[PDB]
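Colleague:
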Amino acid sequence: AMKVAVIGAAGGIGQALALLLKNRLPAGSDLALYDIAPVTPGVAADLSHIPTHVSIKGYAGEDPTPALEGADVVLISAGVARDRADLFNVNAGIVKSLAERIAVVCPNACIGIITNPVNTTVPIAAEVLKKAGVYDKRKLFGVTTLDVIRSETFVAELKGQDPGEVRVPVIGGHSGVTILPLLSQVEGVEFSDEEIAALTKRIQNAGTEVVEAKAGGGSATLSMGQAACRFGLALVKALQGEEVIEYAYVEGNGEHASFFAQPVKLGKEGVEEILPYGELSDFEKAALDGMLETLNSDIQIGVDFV
Amino acid sequence: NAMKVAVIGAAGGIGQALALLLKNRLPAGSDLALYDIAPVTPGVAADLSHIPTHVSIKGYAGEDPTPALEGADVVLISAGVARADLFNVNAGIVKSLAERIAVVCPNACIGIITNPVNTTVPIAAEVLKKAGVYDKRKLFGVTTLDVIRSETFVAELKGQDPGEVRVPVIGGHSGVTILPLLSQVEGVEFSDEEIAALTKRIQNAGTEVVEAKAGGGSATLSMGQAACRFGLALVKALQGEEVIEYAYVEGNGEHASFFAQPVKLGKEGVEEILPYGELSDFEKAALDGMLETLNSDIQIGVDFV
């Protein structure tokens with residue numbers, strides 16, 4: 072029986088995530104929602120009327136301790152969704168403050184940070200945990216699953232494949248040119264040069280696509296909830312004893328950057344083993360070398376912040 | 060064949076939850092059209108289109124829902140908002156929608172979520188009649204949220220598996236018109252105190268969520284869950300599967316012209332209006348006691364058209 076906490080539960084991402092988790096967490100699970108917005112207990116009440124064997128509670132107020140206590144997995148969707156400087160000034164401090172409390176209430180929890188900019192918020196979290204002297208790099212993750220599902224959808228669409236069965240690895244970071252989909256590794260599929268360029272570009276700018284369709288009035292919230300649910304369930308299955316392989320931004324062996332997204336074997340302690348991403352085409356190797364300066368910069372910004 | 064489901068009021072809380080669940084659960088090959096006056100609607104569809112499920116999705120914003128209604132097999136209406144000004148608004152919205160439906164997709168199964176359902180369903184029916192296309196087998200007041208709430212509460216109370224507990228609910232969709240048939244719950248025995256507590260909690264569950272939301276919102280996620288269940292049920296039925304559901308429909312009229320009870324869904328919408336079974340004395344007294352209220356809610360709708 073695992074307990075999953077969703078921080079920032081009142082926002083669009085948070086509510087989509089909470090709804091899917093109430094429906095998909097294994098029977099007997101516990102789900103805790105926290106958000107300073109006073110509507111939070113009501114979001115939990117709303118969801119508590121759904122007949123699944125998953126207990127749910129919601130907390131508002133200025134203290135997330137009730138949600139964090141005994142939490143096995145903590146999904147951070149605090150702050151505001153996405154210029155670059157504004158997003159950072161709001162979200163960086165919010166993540167740092169949460170991480171500080173997480174370090175004391177549930178330092179053994181697996182932490183999945185959804186809050187952007189992920190390339191930087193994960194390092195912020197890591198440094199806060201280190202100052203507390205409880206940092207376990209096997210338990211800190213930047214949720215990059217949205218890049219993965221978007222890639223599966225777009226590839227499946229272009230090649231008339233079943234979107235539910237298509238696998239598209241994605242490595243690197245979670246923004247702009249740092250998002251590197253490994254189209255060369257897609258099983259059974261072959262892409263032309265223009266298809267590689269077109270798909271890579273769309274995957275890297277997919278967020279903008281949604282914002283524009285909303286005429287500037289919002290961002291990708293439902294698909295982000297979907298992606299975070301998928302990652303959250305992967306963590307929970309791993310904690311319960313099943314071997315799970317997933318793509319995420321973690322502190323690996325550091326051949327390219329202190330933090331880098333690649334496949335990982337998940338287990339009872341979080342990351343069980345950092346798995347090499349495999350062979351890359353020339354386009355992918357050039358893409359990787361061309362975004363490392365940006366990725367390492369995003370990381371330094373987070374280290375310097377703490 | 061593939062079915063097309065249209066969600067009217069797709070940008071709101073209920074609507075986005077419904078759309079998310081439909082994108083994930085509709086059978087492969089399905090088409091999903093989202094519509095709402097809110098300018099963000101096309102982006103809600105775009106957001107959802109990024110989910111890897113074999114379900115096509117499009118979104119439209121504007122005053123005219125025609126593109127979403129065109130070729131729709133199922134139309135789920137969740138437009139409006141959650142006193143007299145508010146009713147006039149939702150009534151007007153439902154009336155306008157029914158008018159467009161009469162012209163664009165008169166053969167679609169219509170599921171109304173927009174409250175007050177007791178009144179908005181008759182509004183739609185009266186509009187459809189005036190357009191000469193009313194088919195009472197295809198108009199439903201979605202009362203599914205009352206059913207899943209009842210399932211949840213009974214399960215928690217008697218330590219049952221929530222996914223297995225069955226609790227019929229008849230009557231109307233608001234206050235004293237909501238009648239959970241706790242006497243028909245198999246494998247459990249309720250005390251008089253529990254019967255009273257459960258009934259009161261089921262009838263006032265909407266207020267419970269509004270209060271928990273500090274008065275700045277109502278049930279959206281659970282309502283989306285409920286509408287998804289009813290929506291999928293209609294799709295399965297249109298695809299040839301015998302499905303039994305609880306819904307507010309124009310039945311035999313033993314108690315009110317529109318009344319919620321079990322119905323057998325088929326390829327033409329309502330295939331058969333089924334009896335709701337035996338009632339306990341408490342349930343009968345509750346039924347007798349809501350008649351004046353339910354029929355007046357229907358009257359209010361008829362008067363509006």
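Going down the list, the protein sequences come from chains A and B.
In this text, residue positions in the first sequence follow our numbering: the first is 72, and each later residue adds one.
In this text, residue positions in the second sequence follow our numbering: the first is 60, and each later residue adds one.
Cβ atoms here follow ideal geometry from the backbone N, Cα and C, with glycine treated the same way.
List the whole-angstrom C-beta distance separating residue 147 of chain A from residue 184 of chain A, where the pair is believed to meet the contact cut-off of C-beta under 8 Å.
Modeller: 5 Å
Colleague: Going by Cα to Cα distance, which pick from B:283, B:297, B:332 is closest to residue 306 of chain B?
Modeller: B:332
Colleague: Quick one: what's got a C-beta closer than 6 Å to residue 328 of chain B's C-beta in the same chain, skipping five residues either side?
Modeller: 168, 196, 197
Colleague: Going by DSSP in three states, residue 262 of chain B sits in which element: helix, strand or coil?
Modeller: helix
Colleague: Considering residue 208 of chain A, what are the terminal residues of the alpha helix (DSSP H) in which it resides?
Modeller: Taken as a continuous stretch (DSSP letters only), residue 208 of chain A belongs to no alpha helix (DSSP H), as it is neither H nor E.
Colleague: Quick one: complete beta strand (DSSP E) runs, 3+ long, within the region 136-186 of chain B?
Modeller: Runs found: 168-171.
Colleague: Contact criterion: CB-CB distance below 8 Å. Does residue 372 of chain B meet it with respect to chain A?
Modeller: One cannot answer for residue 372 of chain B here, as it falls past the ends of chain B, which runs 60 to 364.
Colleague: By the criterion of Cβ-Cβ separation under 7 Å, what are the contact partners of residue 223 of chain A in chain B?
Modeller: 111
Colleague: Out of curiosity, what's the CA-to-CA distance linking residue 222 of chain A and residue 112 of chain B?
Modeller: 13 Å
Colleague: Please tell me whether residue 272 of chain B has its Cβ less than 8 Å away from any Cβ of chain A.
Modeller: yes
Colleague: Take residue 295 of chain B and list the residues in its own chain whose beta-carbon comes closer than 6 Å to its own, dropping the five residues that flank it on each side.
Modeller: 302
Colleague: What does residue 268 of chain B touch in chain A if you count any residue whose Cβ is under 7 Å from its own?
Modeller: 113, 116, 117
Colleague: Can you give the Cα-Cα distance for residue 188 of chain B and residue 361 of chain B, rounded to whole angstroms?
Modeller: About 11 Å.
Colleague: Just the chain A side, please: which residues come within less than 8 Å of residue 276 of chain B by C-beta, in chain order?
Modeller: 110, 113
Colleague: Are the C-beta of residue 96 of chain B and some C-beta of chain A separated by less than 8 Å?
Modeller: no
Colleague: Can you tell me which of the three DSSP states residue 130 of chain B falls into?
Modeller: Residue 130 of chain B carries a coil assignment under DSSP once its states are collapsed to helix, strand and coil.
Colleague: Would you identify the three-state DSSP class for residue 361 of chain A, choosing helix, strand or coil?
Modeller: helix
Colleague: Note down, in chain order, every chain B residue with its Cβ under 7 Å from the Cβ of residue 234 of chain A.
Modeller: 111, 112, 113
Colleague: Looking at the strands, I want to know which residues DSSP matches up with residue 336 of chain A.
Modeller: A:316, A:344
Colleague: Would you kindly report the start and end of the unbroken beta strand (DSSP E) that includes residue 226 of chain A?
Modeller: Residue 226 of chain A -> not in any beta strand (DSSP E); alpha helix (DSSP H) instead, spanning 216-229.
Colleague: Please identify the residue among A:191, A:179, A:260 whose C-alpha is closest to the C-alpha of residue 204 of chain A.
Modeller: A:179
Colleague: Taking the alpha-carbon positions, what's the residue 249 of chain B to residue 238 of chain B distance?
Modeller: The alpha-carbon of residue 249 of chain B is positioned some 16 Å away from that of residue 238 of chain B.
Colleague: Can you tell me which of the three DSSP states residue 74 of chain A falls into?
Modeller: DSSP places residue 74 of chain A in strand when its eight states are reduced to three.
Colleague: Check whether the Cβ atoms of residue 300 of chain A and residue 169 of chain A lie closer than 8 Å to each other.
Modeller: no
Colleague: Over the uninterrupted alpha helix (DSSP H) stretch that includes residue 109 of chain A, give me the two end residues.
Modeller: Premise fails: residue 109 of chain A is in no alpha helix (DSSP H) and is neither H nor E.
Colleague: CA-CA distance, residue 80 of chain A and residue 72 of chain B?
Modeller: 14 Å
Colleague: Per the contact definition of three or more C-beta pairs closer than 8 Å, is the region 339-357 of chain B in contact with the region 314-326 of chain B?
Modeller: Cβ pair count under 8 Å is three or more, so yes.
Colleague: Taking 8 Å as the threshold (beta carbon to beta carbon), is residue 168 of chain A in contact with chain B?
Modeller: no
Colleague: Measuring only between beta-carbons, confirm whether residue 281 of chain B sits less than 8 Å from chain A.
Modeller: Taking Cβ atoms only, chain A reaches closer than 8 Å to residue 281 of chain B, which makes this a yes.
Colleague: Within 8 Å (strictly less), CB to CB, does residue 87 of chain A reach chain B?
Modeller: Interface residue, yes.
Colleague: Output yes if chain A places a C-beta closer than 8 Å to the C-beta of residue 207 of chain B; else output no.
Modeller: yes
Colleague: At a CB-CB cut-off below 8 Å, which residues of chain A make contact with residue 79 of chain B?
Modeller: 87, 90, 91, 293, 296, 297
Colleague: Skipping 5 residues on each side, what residues in its chain have a beta carbon closer than 7 Å to that of residue 268 of chain B?
Modeller: 277, 278
Colleague: Does residue 277 of chain A come within less than 8 Å of chain B when only Cβ atoms are used?
Modeller: yes
Colleague: With a Cβ-Cβ cutoff of 8 Å, do residue 102 of chain B and residue 284 of chain A count as a contact?
Modeller: yes
Colleague: By alpha-carbon positions, which one of A:105, A:303, A:337 ends up nearest to residue 312 of chain A?
Modeller: A:337
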